[PDB]
Amino acid sequence: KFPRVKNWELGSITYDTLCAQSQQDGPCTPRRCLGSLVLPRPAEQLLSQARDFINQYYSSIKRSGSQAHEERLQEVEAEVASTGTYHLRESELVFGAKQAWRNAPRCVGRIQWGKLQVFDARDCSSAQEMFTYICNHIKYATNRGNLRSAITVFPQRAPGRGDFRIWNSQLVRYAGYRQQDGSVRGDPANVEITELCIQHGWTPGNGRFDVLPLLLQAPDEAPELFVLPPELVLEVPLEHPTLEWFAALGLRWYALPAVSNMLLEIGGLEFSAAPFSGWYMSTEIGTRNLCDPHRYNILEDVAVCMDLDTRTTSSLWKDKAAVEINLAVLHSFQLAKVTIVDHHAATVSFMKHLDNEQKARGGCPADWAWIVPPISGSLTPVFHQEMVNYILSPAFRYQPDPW
Amino acid sequence: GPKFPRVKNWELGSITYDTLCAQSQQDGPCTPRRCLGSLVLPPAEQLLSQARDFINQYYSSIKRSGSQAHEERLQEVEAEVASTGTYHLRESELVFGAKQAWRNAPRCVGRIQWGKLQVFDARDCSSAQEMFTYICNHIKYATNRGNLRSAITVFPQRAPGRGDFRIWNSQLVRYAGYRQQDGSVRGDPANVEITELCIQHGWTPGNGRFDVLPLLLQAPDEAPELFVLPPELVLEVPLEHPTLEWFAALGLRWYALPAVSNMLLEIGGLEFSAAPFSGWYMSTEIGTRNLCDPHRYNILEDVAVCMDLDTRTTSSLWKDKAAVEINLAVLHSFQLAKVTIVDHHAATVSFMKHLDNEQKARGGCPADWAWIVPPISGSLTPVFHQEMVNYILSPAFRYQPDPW
Ligand code: HEM
Ligand code: HEM
Ligand SMILES: N=C(Nc1cccc(COC[C@@H](CN)OCc2cccc(/N=C(/N)c3cccs3)c2)c1)c1cccs1
Ligand SMILES: N=C(Nc1cccc(COC[C@@H](CN)OCc2cccc(/N=C(\N)c3cccs3)c2)c1)c1cccs1
Ligand SMILES: C[C@H](O)[C@H](O)[C@H]1CNc2nc(N)[nH]c(=O)c2N1
Ligand SMILES: C[C@H](O)[C@H](O)[C@H]1CNc2nc(N)[nH]c(=O)c2N1
Ligand SMILES: [Zn+2]
């Protein structure tokens, strides 16, 4: 039985046959669905993942069964049999990184998947060198506000030694300073990394939007601290198109979302440090980062400024303030000429993506809870779209924190 | 760690383990290879085991497990099944089972109320005319002039050979949907099929946007019969907005009583094919889904234009702004009319309370995250941040094929 996938707004039906290509189990069983959980609840092994990936590559370039194909499978085989591991060619790495993005079920931005700048940093041997590559990535991806998706791939995990890691969860994160009275100044999501930085010798600030240094770690060495040059970190002050007091809130966000703690897996090889970046969808900032109760939690402040009745849920004060805050983000990014996409445009392009992928591959792995935006869910076409979630490789995965 | 699903709340940092899912006797649609959680619609000795399990649940709930009363009931059920192929529930077992089915429903955000359900036992009903009388009484009781009371009416169970009692309509109150010459719809497009069935069965159709449908009621082995709800039994709320004075001019309205009539209530393997139940609305059901879905009344653009918003560009957030005011209008109008309604913030807070209660009572709670999270303002509600485990327990409300 292959899944029947229905769109409830349009009445149309497709069948996902791509899910038969999945080789890794998810969290669900017949007895119970664990779909809403955030985190996951030998040589022959490597060799079959490696061959499968080599097959994916030669098929993508329309050279399946070529002499080039047969000989590359022999190289991979020879190298695994002798050494227990193998190495990718740059062109395979490029193909693999794009496929890992294509395959990411939680990503609404996958219409863009073919357009990814891949920096090969596999010749990196020190934390100092990782920093140089990271600075070049930021400069390239930022591009004065005309954002360009990029990934930098540092050296693969190797059976002997420690991993290359970027300890920070993103390349740009704001500090979170825990008070003696438990409360937090700045971003509560970043309390632990903030403390790690101070402990490794960073002189901390005391503002709401202090940009953290990077803790970069080469194998089996303590991490090293590197402050990002302020000119490399583009930020956008937040103002509202009609509410004058909104700028008085002193709010800002950074332009460049760059995730730096996920493991990249290609053909059985694992890249423990492979930071990737694109551009933001406005609800990430406007709704989650600014309005989550465990984040900057600004809903009440904005509601009061708007003079809303805060004493009762049924005035929909939270909803009204969230909308204005999202509007402010979109407005302020647009005024700063910094790439951003609203949740309506983003979900519409994802629907087009689902259709491209249906034709190209016979399905598309998608995690409904992550694709539907955190405000105005049913106002976007993705709410009414059934989705099938499953794990294809190449993949981005979670990995343990290195401390 | 415990060998049970670990469930995390990301707002609070707290962890529970669901041990109740161990009581699931019935598979869902997911496998290790793929998750199908977002899909909307994904006996002889078999009866006896379902029956025994249910009787065991009953005697547990009254604290007499392994008692002599418990063992005699088991024997009596097997005897009844032995000689008749079926069995029948005691009044108090029916009441316990109907509440349990509600308690068990993974898609219901209103379950904090599960213990407060008026169970009307209509297992003596023998005609479509009598079903109608029972339904009118249900509506009068549940509506209670706007102070809504949860209720279920239970018609006779499916019986070997004999045809089912069925209510053909999906709810007791539905507005007509009339297919137009140009291909668009007047009224509620959700109800085009039931509207045309009403016409095929002799109803004289109106032509407004909010025409209440007649009921199509079917007693065993008979053609359904058509019944018009007396207008004064169907409480409606005209919609106005607290500050936008033109909103009243739109002539929008919704009915007070949501009463689902096409689900099958399954208890101990017995099947109640006609068992309409009612509670009250969460405001987003009306203001977001019913009024704003593109395939429903689809009023977003009309409202946005009245608000003078920029409908030519997604990034004005015109849809979001209009939807908020429409939801506000629903809340304000039900409040002014003194008709029970619950907003999506208050409903989700109470559901978080429900989760805590069930963790202590039963060691978990089956919940369908996609359905529990409201359709506007998702992450503004505490349920967004709460992991949930979905599984099927019995007694259960289930979908059943349409009678036609
Ligand atoms: C080009 C613009 C892009 C947009 C607008 C975008 C949008 C998003 C959004 C909104 C999320 C959910 C994030 C959250 O809730 O915290 C996400 C998830 C993700 N996207 Fe993207 N995406 C983009 C490009 C990329 C790129 C370049 C990659 C990698 C090459 C990527 C890989 C991912 C992955 C792996 C996830 C899931 C992370 C997780 O499971 O925790 N996306 N995407
Ligand atoms: C007391 C007030 C109640 C509220 C506010 C409420 C709220 C809701 C809401 C919003 C839904 C989702 C409906 C949709 O999106 O179409 C739902 C689903 C459901 N509720 Fe309730 N509920 C209430 C009482 C009841 C009662 C009395 C029963 C039955 C005894 C019930 C059983 C159900 C079932 C079976 C579903 C799932 C329908 C399906 O799977 O298709 N609830 N509830
Ligand atoms: N507040 C309430 N809301 C509520 C509770 C439960 C159900 C409902 C409304 O029914 C939900 C229904 C309608 N969208 O969703 C499930 C469903 C069931 C059956 C058919 C559906 N759609 C179709 N048209 C089909 C496609 C293929 C076969 S049928 C969809 C509303 C209450 C009602 C009763 C007590 S509380
Ligand atoms: N627009 C973008 N946004 C984006 C894309 C992907 C990811 C992200 C941000 O990461 C999401 C993260 C952070 N909330 O959520 C999931 C997560 C991942 C890993 C660990 C998590 N939890 C923990 N670290 C734990 C704490 C205590 C025990 S475990 C939680 C943002 C882009 C980023 C890069 C290209 S596009
Ligand atoms: C419990 C729940 O799965 C969790 O809050 C998820 C829901 N959907 C999400 N969707 C996105 N895009 N990002 C998230 O962090 C989450 N969090
Ligand atoms: C495809 C998707 O499952 C579908 O649109 C669901 C999503 N969540 C829902 N949630 C509720 N409460 N009611 C619904 O009808 C739906 N529809
Ligand atoms: Zn699942």
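All of this is worked out from the model, or read from it or from the source named; no laboratory read-out is quoted. Cβ sites come from the backbone with ideal geometry, for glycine too, and all protein chains shown count toward neighbours.
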Quiz item: Residues in region A:377-397 that are closer than 18 Å to B:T314 by Cβ and not hydrophobic (A, V, I, L, M, F, W, C): how many?
Solution: 6
Quiz prompt | Where a residue in region A:385-397 is in a loop (DSSP other than H, G, I, E, B) and its partner, wherever it lies, is charged (D, E, K, R), with Cβ under 8 Å and at least six apart | solution = A:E386/A:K6; A:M387/A:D367; A:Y390/B:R33; A:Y390/B:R34; A:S393/A:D52; A:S393/A:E265; A:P394/A:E265
Practice problem: Could you look through region B:184-216, keep only residues that are away from ligand 6 (no atom under 16 Å from the Cβ) and within 14 Å of chain A (Cβ to nearest Cβ), and pick out the one that is farthest from B:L233 (Cα to Cα)? | Solution: B:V185
Quiz prompt | Condition met for B:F384 (within 17 Å of A:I375 (Cα to Cα) and aromatic (F, W, Y)) | solution = yes
Quiz item: Of all residues in region A:178-208, how many are touching a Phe, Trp or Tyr at 6+ places or on another chain (Cβ under 6 Å) and part of a strand (DSSP E or B)?
Solution: 2
Practice problem: List every residue pair whose Cβ atoms lie under 9 Å apart, where the two residues are 6 or more positions apart in sequence or sit on different chains, the first residue falls within region B:15-27 and is more than 11 Å from chain A (Cβ to nearest Cβ), and the second residue, located anywhere, is among the basic types (K, R). | Solution: B:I15/B:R6; B:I15/B:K8; B:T16/B:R6; B:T16/B:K8; B:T19/B:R362
Exercise. Output the number of the condition that A:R144 fails; it satisfies all remaining conditions of (1) in a helix (DSSP H, G or I); (2) crowded, with 16+ Cβ neighbours inside 10 Å.
Key: (2)
Self-check item: Matching residues, region B:147-198, being surrounded by fewer than 19 Cβ atoms within 10 Å (Cβ to Cβ), among the acidic types (D, E) and within 16 Å of B:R209 (Cα to Cα)
Solution: B:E193, B:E196
Quiz item: Would you say A:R102 is assigned by CATH to the domain that holds A:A366 and over 30 Å from A:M351 (Cβ atoms)?
Solution: no
Quiz item: Does region B:209-227 include one or more residues that are touching a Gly at 6+ places or on another chain (Cβ under 7 Å) and not in a loop (DSSP other than H, G, I, E, B)?
Solution: yes
Exercise. Could you list, in sequence order, all residues of region B:273-324 that are out of contact with any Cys (no Cβ under 8 Å at 6 or more places or on another chain) and β-branched (V, I, T)?
Key: B:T284, B:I286, B:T288, B:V303, B:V305, B:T311, B:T313, B:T314, B:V324
Practice problem: Among the numbered conditions (1) surrounded by 13 or more Cβ atoms within 10 Å (Cβ to Cβ); (2) more than 10 Å from every other protein chain (Cβ to nearest Cβ), tell me where B:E11 comes up short. | Solution: (2)
Quiz item: Given A:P40, A:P30, which one is more than 16 Å from ligand 3 (Cβ to nearest atom), within 26 Å of the chain's Cα centre (by Cα) and not charged (D, E, K, R)?
Solution: A:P40
Self-check item: Qualifying positions in region A:28-40 - surrounded by 16 or more Cβ atoms within 10 Å (Cβ to Cβ) and within 16 Å of ligand 1 (Cβ to nearest atom)
Solution: A:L34, A:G35, A:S36, A:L37
Exercise. Residue by residue through region B:340-364, note down the ones that are buried (at least 23 other Cβ atoms within 10 Å of the Cβ) and more than 24 Å from A:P293 (Cα to Cα).
Key: B:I341, B:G364
Exercise. Inspect all residues belonging to region A:275-283 and state whether any of them is in a helix (DSSP H, G or I), surrounded by 22 or more Cβ atoms within 10 Å (Cβ to Cβ) and within 14 Å of chain B (Cβ to nearest Cβ).
Key: yes
Self-check item: Filtered residues of region A:369-393 (kept if within 16 Å of ligand 3 (Cβ to nearest atom) and touching a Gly at 6+ places or on another chain (Cβ under 7 Å))
Solution: A:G377, A:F383
